[PDB]
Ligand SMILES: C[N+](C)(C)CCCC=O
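This document starts with one chain, in the form deposited without N,N,N-trimethyl-4-oxobutan-1-aminium (2ZO), laid out as structure tokens.
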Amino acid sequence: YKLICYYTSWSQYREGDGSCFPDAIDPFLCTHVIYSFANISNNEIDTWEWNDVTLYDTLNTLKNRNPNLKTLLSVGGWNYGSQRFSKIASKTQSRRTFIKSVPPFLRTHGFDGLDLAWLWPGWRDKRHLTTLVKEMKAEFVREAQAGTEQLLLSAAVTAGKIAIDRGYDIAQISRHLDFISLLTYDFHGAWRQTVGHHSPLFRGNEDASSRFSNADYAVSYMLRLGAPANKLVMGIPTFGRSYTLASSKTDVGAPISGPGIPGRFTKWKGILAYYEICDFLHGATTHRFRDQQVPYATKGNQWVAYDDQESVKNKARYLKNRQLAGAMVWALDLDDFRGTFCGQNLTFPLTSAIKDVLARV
């Protein structure tokens, strides 16, 4: 079973104990560590941060400790225009340039493959995504002839039905792709004007309007679209999402003034790391959607949906049962990587729980 874990570049800037470098990653924790993100420039893959060449190095030296560790490099992310990606892919010449740029760069910096994070394609883009995957893989096949082990190619895929139908030929891309990481953590946002969970496993017959907005739909549906189970990797968030409440209503349907306040360390409105969440839980009221099998918490005018060790195990079992290739984690830097915030003296609580479960019968 794969354990695909994402590291974010920009986690290096958070103050104090928030600062995460590739240093902190235990090299027997994951099977694949993916480095986000790379920039494209003159139609060629490129660094993003000023010191990625160093952080690249620091991550790829972990393979000294675990010779079996596979590392990849992710291109795009949200930071970065779909507009821009589309422009590069829809022309045969920029596409080619970008594809040829990729292996030499990967090799130079010691990566084992590429993750495409095009977030996300439009309906006009679906045709070019397929071609790009196809052609990129053919390139990885042709470079394998040179005696180095064949590069891996993977893709980050949105778990929302509307988005999958708009932007992805799943059946086709599944052939050329080594695995697909399904982003089953986005099933809600602050654009809905109430409370709700964003990673729920099941719809939970609290009240389908979306019966589509849950991990299980997303998984059935990708299999139904023809993603082999053995290429499919279910995404499990390590962060939580916060919402400022608009009243003392707190259950399902409770209205929302907007996103919750910034976390002390992550400093983004609407998001918290698990380590910031473990601290929030002190003096909060805890609840668990029975149906959807995920927890929330609330205190003051703050309401938080999150994943904890139990829900994360539970998702790990679900995917074993479903016979999928593994789990995908977003993200290491947002898990309790120092192991000091959540009571126990365990680092990467959330990710270890998955890993333990992935090793059971």
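The term rigid core refers to the maximal set of C-alpha atoms that superpose within 1.5 Å between the two forms. When you see a residue number, it is the position in the sequence shown, counting from 1.
- Where the structures in 5 other deposited structures of this protein are fitted on the rigid core, 200-208 is the one of 126-134 and 200-208 whose C-alphas sit farther from the shown form on average.
- Taking the rigid core as the alignment reference, the C-alpha atoms of 189-197 lie farther on average from the displayed form in 5 other deposited structures of this protein than those of the other stretch among 189-197 and 176-184.
- On average the C-alpha atoms of 118-126 have higher B-factors than those of the other stretch, with 101-109 and 118-126 being the two compared.
- As recorded in the PDB entry, 137-145 is the stretch of 153-161 and 137-145 with the greater mean C-alpha temperature factor.
- Within the listed group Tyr275, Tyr217, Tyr168, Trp268, the record reports its top CA B-factor for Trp268.
- Residue-level inspection of the entry shows that, of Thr131, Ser199, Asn230, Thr285, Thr285 has the top Cα B-factor.
- Annotation for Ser181: C-alpha temperature factor in the lowest third relative to the rest of the modelled chain, per the entry.
- Sort the chain's modelled residues by C-alpha temperature factor and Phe187 lands in the middle third, per the entry.
- The entry lists a Cα temperature factor for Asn42 that places it in the middle third of the chain's modelled residues.
- The PDB entry assigns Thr238 a C-alpha temperature factor belonging to the lowest third of its chain's modelled residues.
- Ranked within its chain, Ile25 lands in the middle third, by CA B factor from the PDB record.
The form solved in complex with N,N,N-trimethyl-4-oxobutan-1-aminium (2ZO) is left out here; the points below concern that form.
- Placed here by superposing the C-alphas around the site, N,N,N-trimethyl-4-oxobutan-1-aminium (2ZO) (as posed in the entry with it bound) stays clear of every backbone and C-beta atom by more than 2.4 Å: open pocket.
- Among the residues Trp268, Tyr221, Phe202, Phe105, the one placing a heavy atom within 4.5 Å of N,N,N-trimethyl-4-oxobutan-1-aminium (2ZO) in the entry with it bound is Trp268.
- Taking a 4.5 Å heavy atom cutoff to N,N,N-trimethyl-4-oxobutan-1-aminium (2ZO) in the entry with it bound, the contact residue among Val33, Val312, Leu334, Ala327 is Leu334.
- Between 146-154, 167-175, 260-268, 132-140, the stretch whose residues reach within 4.5 angstroms of N,N,N-trimethyl-4-oxobutan-1-aminium (2ZO) in the entry with it bound through a non-hydrogen atom is 260-268.
- The closest heavy atom approach of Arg14 to N,N,N-trimethyl-4-oxobutan-1-aminium (2ZO) in the entry with it bound falls within 4.5 Å.
- Although the partner is absent here, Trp78 sits close enough that one of its heavy atoms falls within 4.5 Å of N,N,N-trimethyl-4-oxobutan-1-aminium (2ZO) in the entry with it bound.
- Interface membership of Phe21, defined by any non-hydrogen atom within 4.5 Å of N,N,N-trimethyl-4-oxobutan-1-aminium (2ZO) in the entry with it bound, is ruled out.
- Although N,N,N-trimethyl-4-oxobutan-1-aminium (2ZO) is not shown here, in the entry with it bound the stretch 4-30 places heavy atoms of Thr8, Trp10, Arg14 within 4.5 Å of it, in sequence order.
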